[PDB]
Amino acid sequence: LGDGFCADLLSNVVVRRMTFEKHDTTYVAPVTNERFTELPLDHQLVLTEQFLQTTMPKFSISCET
Amino acid sequence: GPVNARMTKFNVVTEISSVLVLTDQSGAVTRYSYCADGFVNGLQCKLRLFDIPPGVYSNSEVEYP
Ligand SMILES: *[C@@H]1O[C@H](CO)[C@@H](O)[C@H](O)[C@H]1NC(C)=O
């Protein structure tokens with residue numbers, strides 16, 4: 001609907017909020033003293049697709065025609 | 001026309017023509033070529049060139065009644 005709102009049209013008409021899934025980063029801050037750190041136990045393999053337009057046809061125009 | 005010695009020559013025009021022309025410094029035409037006297041003449045008028053360098057020249061069109 002705009003402004004972070006969404007319309008749920010499954011059972012009856014409801015207006016909810018949108019959220020987004022939170023991601024992480026690959027930069028690890030350096031360990032300079034003894035402390036706690038949070039290491040992963042396992043990983044999920046993920047495929048992400050990305051489309052980018054590169055081409056068009058050319059045109060020749062006879063504007064008198 | 002009275003024959004002398006020759007005679008005044010005559011040409012009845014039947015249709016409208018296109019002609020490519022080259023002018024000199026003073027604006028007087030010093031070189032022409034009719035656009036329908038041949039195949040190369042039509043390409044000369046399409047490109048506005050008398051001496052056509054080699055290339056690929058697109059979208060020449062055929063007229064139909
Ligand atoms: C164009 O006119 C100039 C003088 O204005 C003279 O050099 C010559 O008649 C023409 N030159 C070319 C390159 O067409």
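In what follows, chains are A, B, ... by sequence order, proteins preceding strands, each numbered from 1.
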**Heavy-atom pair of closest approach, residues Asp24(B) and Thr30(B)** = OD2-CG2, 3.7 Å

**ILVMFWY cluster, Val21(B) and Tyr34(B) together (side-chain gap under 4.5 Å)** = yes

**Request:** Report the C-alpha distance between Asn12(A) and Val14(A) in whole Å, list the side-chain angles of each, state the deciding distance to 0.1 Å, and finish with yes or no for side chain to side chain contact (heavy atoms under 4.5 Å, CB included).
**Result:** CA-CA 6 Å; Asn12(A) 48 357; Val14(A) 195; 3.6 Å; yes

**Prompt:** Just how far is it from atom OG1 of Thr25(A) to atom NE2 of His23(A), taken to the nearest 0.5 Å?
**Reply:** 7.5 Å

**Request:** Would you tell me whether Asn41(B) and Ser33(B) have side-chain atoms, one donor and one acceptor, within less than 3.5 Å of each other?
**Result:** yes

**Least distance between heavy atoms, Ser62(A) atom then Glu61(B) atom** = CB-OE2, 3.3 Å

**Prompt:** For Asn11(B) and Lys9(B), what are the C-alpha separation, side-chain angles and deciding distance, and is it a side chain to side chain contact (heavy atoms under 4.5 Å, CB included)?
**Reply:** CA-CA 7 Å; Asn11(B) 190 12; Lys9(B) 303 179 283 295; over 6 Å; no

**Message:** Going by the rule side-chain hydrogen bond (donor to acceptor under 3.5 Å, both in side chains), which residues pair with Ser60(B) if we only count those two or more places apart in sequence or in a different chain?
**Reply:** none

**Prompt:** Is NZ or CZ of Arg16(A) both nearer than 6.0 Å to the six-membered ring centre of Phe5(A) and within 45° of the ring axis?
**Reply:** no

**From CG (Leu43(B)) to CD1 (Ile52(B)), nearest 0.5 Å** = 4.0 Å

**Prompt:** Do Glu38(A) and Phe36(A) touch side chain to side chain, with heavy atoms closer than 4.5 Å?
**Reply:** no

**Asked** Do you know the tightest heavy-atom contact between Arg35(A) and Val31(A)?
**Response** NH2-CG2, 3.4 Å

**Prompt:** Once you round to the nearest 0.5 Å, how far does NZ of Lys46(B) lie from OH of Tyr57(B)?
**Reply:** 9.5 Å

**Complete:** For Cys6(A), the disulfide (SG to SG under 2.5 Å) test, sequence neighbours excluded, returns none

**Message:** Is there a continuous path of hydrophobic side-chain contacts, each under 4.5 Å between heavy atoms, that joins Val40(B) to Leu47(B)?
**Reply:** yes

